[PDB]
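If you read the sequences in order, they're chains A and B. Read in order, the letters of the first sequence are residues 1 to 55, 61 to 187, 198 to 234 in the deposited numbering. Read in order, the letters of the second sequence are residues 2 to 21, 24 to 133, 151 to 234 in the deposited numbering. For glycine and all other residues, C-beta sits at the position ideal for the given N, C-alpha and C. Written out below as structure tokens is the structure these notes cover.
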Amino acid sequence: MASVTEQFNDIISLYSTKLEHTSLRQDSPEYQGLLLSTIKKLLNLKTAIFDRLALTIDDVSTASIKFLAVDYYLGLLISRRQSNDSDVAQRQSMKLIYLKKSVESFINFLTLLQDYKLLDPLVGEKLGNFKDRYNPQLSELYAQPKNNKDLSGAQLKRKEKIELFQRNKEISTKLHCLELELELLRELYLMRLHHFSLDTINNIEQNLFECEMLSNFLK
Amino acid sequence: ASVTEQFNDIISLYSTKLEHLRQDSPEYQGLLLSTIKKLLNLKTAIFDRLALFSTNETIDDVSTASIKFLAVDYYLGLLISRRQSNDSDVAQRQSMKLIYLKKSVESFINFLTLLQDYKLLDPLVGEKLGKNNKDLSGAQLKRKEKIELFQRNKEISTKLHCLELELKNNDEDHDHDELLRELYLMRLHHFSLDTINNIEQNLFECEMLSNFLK
Ligand SMILES: [Zn+2]
Ligand SMILES: [Zn+2]
Ligand SMILES: [Zn+2]
Ligand SMILES: [Zn+2]
Numbered sequence: 001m002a003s004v005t006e007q008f009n010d011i012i013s014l015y016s017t018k019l020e021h022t023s024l025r026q027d028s029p030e031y032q033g034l035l036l037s038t039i040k041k042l043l044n045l046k047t048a049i050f051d052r053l054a055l061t062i063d064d065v066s067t068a069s070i071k072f073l074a075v076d077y078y079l080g081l082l083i084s085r086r087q088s089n090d091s092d093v094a095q096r097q098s099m100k101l102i103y104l105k106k107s108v109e110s111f112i113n114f115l116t117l118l119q120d121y122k123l124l125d126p127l128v129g130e131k132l133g134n135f136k137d138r139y140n141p142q143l144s145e146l147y148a149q150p151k152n153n154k155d156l157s158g159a160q161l162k163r164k165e166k167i168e169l170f171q172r173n174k175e176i177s178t179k180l181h182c183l184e185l186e187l198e199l200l201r202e203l204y205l206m207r208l209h210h211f212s213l214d215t216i217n218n219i220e221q222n223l224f225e226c227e228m229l230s231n232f233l234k
Numbered sequence: 002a003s004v005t006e007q008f009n010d011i012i013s014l015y016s017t018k019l020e021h024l025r026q027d028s029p030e031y032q033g034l035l036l037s038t039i040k041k042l043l044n045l046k047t048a049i050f051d052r053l054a055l056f057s058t059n060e061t062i063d064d065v066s067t068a069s070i071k072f073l074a075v076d077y078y079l080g081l082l083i084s085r086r087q088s089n090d091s092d093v094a095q096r097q098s099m100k101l102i103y104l105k106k107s108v109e110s111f112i113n114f115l116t117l118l119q120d121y122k123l124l125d126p127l128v129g130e131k132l133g151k152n153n154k155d156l157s158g159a160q161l162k163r164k165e166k167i168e169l170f171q172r173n174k175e176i177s178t179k180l181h182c183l184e185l186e187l188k189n190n191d192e193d194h195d196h197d198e199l200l201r202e203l204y205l206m207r208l209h210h211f212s213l214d215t216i217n218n219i220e221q222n223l224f225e226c227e228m229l230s231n232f233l234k
């Protein structure tokens, strides 16, 4: 519906202008209220595009390429949800559900790019390391030091992080020069997905760590 | 019975049953509490009664067999770290945990101060001694992967390892008292790193808990 592109564009704008960063309290009903309706809209859009219109990357028309990011944006929005339930257990437990759902969306997104043979092999190696795609482990994303003496383990982790970081910076700069230069459109859209897939690894790490940390306090 | 025998038993209890199965259990928390109580009473005896470290002005005035007592505050930090409420109410548990972590930090800092008093505190440790849940978790993550910590732990562990072997390796039947003492003091150096570590972990957890309220 309406068009799908305009709808997507409005969603992304709400995200960038009001939901990515806020000056309001994140537990505020004004913030969560807009966040929730945004998500509801994006979920409706996914159904419209993927289910009802039912849309190789050669096969995708230029303006449709944007939509491969719907799960990315669901990832980003969902990780930001918070409950205001008076019940403290319920509100904390809900947070874990949000982080779980955010990560699932993020994984949907990578899996989709992989299905289109678009996935940076750096990102794909990480995606592949999940023994259970639906139960992904922070221990599968990077090598982790065995203990607090494991210098090699820690140096290996730093090596893998630095490689993520450099690659992310590289694609960010390529995306940046493309946006500013704005035939190029198609390249921009593809580069944008590229930057998203790298960003995703950071979000998946942060959410898995954050989830594990907040979970211990409920145990 | 004596101050020194009470200490070895407290430490042995910790190492065997309290350091690492079932932590929410009344049985574990019961044993943790009695051990903390014993250790606080031993603290009163050595620190206040005997005044061991207020009356021996220099580290060399402390006997080798009494160097071990410097770690009292260290073990109190550790024990207190592991205290948990088993109340059905989540908010009570979490607030009770906040309190414990705050009290474990106090002991740990007490331990470093005491090492500082004896001019034994490592210069790096010394300068360490003297935001929502997403940002805290983010910050923790990056701190936890800093190299300096692992490099330093590796070093001290190998120094420790070699000191123990130099102590044991003794076909000549020499007096290895100077080495024994070096071992003990190095072990406190180790503890001091683990303390800075634990203090950060606790402060992070304590800040996370505090967020849940504001
Ligand atoms: Zn440029
Ligand atoms: Zn989770
Ligand atoms: Zn050696
Ligand atoms: Zn605190």
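Consider the Cβ of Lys106 of chain A: report whether some Cβ of chain B lies at a distance smaller than 8 Å. It does not: the Cβ of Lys106 of chain A has no partner Cβ on chain B nearer than 8 Å.
Just the chain A side, please: which residues come within less than 9 Å of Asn173 of chain B by C-beta, in chain order? Within chain A, the residues placing a beta-carbon under 9 Å from that of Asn173 of chain B are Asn152, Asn153, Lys154, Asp155, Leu156, ordered along the chain.
Three-state secondary structure (DSSP) at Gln32 of chain B? In the structure shown, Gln32 of chain B sits in a helix (DSSP, three-state: H, G or I).
Inspect the beta-carbon positions of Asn190 of chain B and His196 of chain B and report whether they are closer than 8 Å. Yes. Within cutoff.
4 or more residues per run - each alpha helix (DSSP H) lying fully within the region 61-120 of chain B: Qualifying alpha helix (DSSP H) stretches, in chain order: 75-84, 93-120.
Quick one: which chain A residues come within Cβ less than 7 Å of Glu184 of chain B? By Cβ distance, chain A contributes nothing, its closest Cβ being about 16 Å from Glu184 of chain B, past 7 Å.
Can you give the beta carbon distance from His210 of chain A to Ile167 of chain A, rounded, assuming they're within the 8 Å contact cut? The C-beta separation of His210 of chain A from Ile167 of chain A comes to about 18 Å, leaving the pair out of contact by the 8 Å criterion.
Test item: CB-CB of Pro150 of chain A and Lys162 of chain A under 8 Å: Yes; because the gap between Cβ atoms is below 8 Å, this pair is in contact.
Less than 7 Å separating the Cβ of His210 of chain A from some heavy atom of ligand 1? Look at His210 of chain A: its beta carbon is at least 7 Å from all of the heavy atoms in ligand 1.
Kindly indicate which three-state DSSP category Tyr204 of chain B falls into: helix, strand or coil? Of the three classes helix, strand and coil, the one that applies to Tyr204 of chain B here is helix, per DSSP.
Among the residues of its own chain, which have a CB less than 7 Å from the CB of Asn218 of chain B, if the five just before and after it don't count? Excluding residues within five positions, the ones whose Cβ falls inside 7 Å are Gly80, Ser84, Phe111.
For the alpha helix (DSSP H) that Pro150 of chain A lies in, which residues bound it at each end? From DSSP, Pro150 of chain A is part of no alpha helix (DSSP H); its letter is neither H nor E.
Just the C-alpha distance for residue 22 of chain B and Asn231 of chain A, rounded to the nearest angstrom, thanks. For chain B, the structure lists 21 followed at once by 24, and that leaves residue 22 of chain B out of the model.
For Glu30 of chain A, the nearest candidate out of A:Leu203, A:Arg96, A:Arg86, A:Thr215 (CA to CA): Out of A:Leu203, A:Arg96, A:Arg86, A:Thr215, the CA that lies nearest to the CA of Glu30 of chain A is found in A:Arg86.
When DSSP labels each residue in this structure, what does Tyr139 of chain A get in the three-state scheme? It is coil, neither helix nor strand.
List, in order along the chain, the chain A residues whose C-beta lies closer than 8 Å to that of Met228 of chain B? Within 8 Å Cβ-Cβ: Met228, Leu229, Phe232.
With a threshold of 8 Å between beta-carbons, can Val93 of chain B be considered close to chain A, or not? Output row for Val93 of chain B: interface = yes.
Given that a residue counts as buried once 16 or more other Cβ atoms are within 10 Å of its Cβ, and exposed if not, what is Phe170 of chain A? Under this definition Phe170 of chain A is an exposed residue.
Could you tell me how far apart the beta carbons of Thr47 of chain A and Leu19 of chain A are, in whole angstroms, since I believe they sit closer than 8 Å? Contact flag wrong, Cβ pair sits at about 21 Å.
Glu225 of chain A at chain B interface by Cβ criterion, 8 Å: Cβ-Cβ to chain B under 8 Å: yes for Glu225 of chain A.
Quick one: any contact between the region 124-131 of chain B and the region 127-137 of chain A, if contact means 3 or more CB pairs under 8 Å? No, the region 124-131 of chain B is not in contact with the region 127-137 of chain A.
CB of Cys226 of chain B to nearest heavy atom of ligand 3: below 7 Å? Result no, Cβ not under 7 Å from ligand 3.
What residues in the region 68-86 of chain A have a beta carbon less than 7 Å from any beta carbon of chain B? Taking 7 Å as the Cβ-Cβ cut-off, the region 68-86 of chain A has no residue approaching chain B.
Please return the same chain residues whose Cβ sits closer than 7 Å to the Cβ of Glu225 of chain A, not counting the five positions on each side in sequence. Within the same chain, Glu225 of chain A has close Cβ partners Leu104.
Thinking just about the alpha-carbon of each residue, which of B:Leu213, B:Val4, B:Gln221 is nearest to the one in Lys174 of chain B? It is B:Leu213 whose Cα lies nearest to the Cα of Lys174 of chain B.
How many Å lie between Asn222 of chain A and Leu199 of chain A at the Cα? Straight across, the Cα-Cα distance linking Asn222 of chain A with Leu199 of chain A is about 34 Å.
Can you list the residues of chain A that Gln97 of chain B reaches, using a CB-CB cut of under 7 Å? Chain order gives the chain A residues near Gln97 of chain B as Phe232, where near means a beta carbon separation below 7 Å.
Could you tell me the boundaries of the alpha helix (DSSP H) in which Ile11 of chain B lies? Element bounds for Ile11 of chain B: 4-14.
Going by alpha carbons, who is nearest to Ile11 of chain B out of B:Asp27, B:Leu45, B:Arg25, B:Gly33? Cα-wise, what sits closest to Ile11 of chain B is B:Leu45.
Does the CB of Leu127 of chain B have a neighbour CB from chain A at under 8 Å? It does not: the Cβ of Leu127 of chain B has no partner Cβ on chain A nearer than 8 Å.
When the Cα atoms are used, what is the spatial distance from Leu34 of chain B to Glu109 of chain A? About 42 Å.
Report the rounded CA-to-CA distance for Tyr147 of chain A versus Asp155 of chain A, giving the unit in angstroms. One C-alpha to the other measures close to 15 Å.
Can a CB atom of chain A be found closer than 8 Å to the CB of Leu180 of chain B? Judged by the 8 Å Cβ criterion, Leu180 of chain B is not in contact with chain A.
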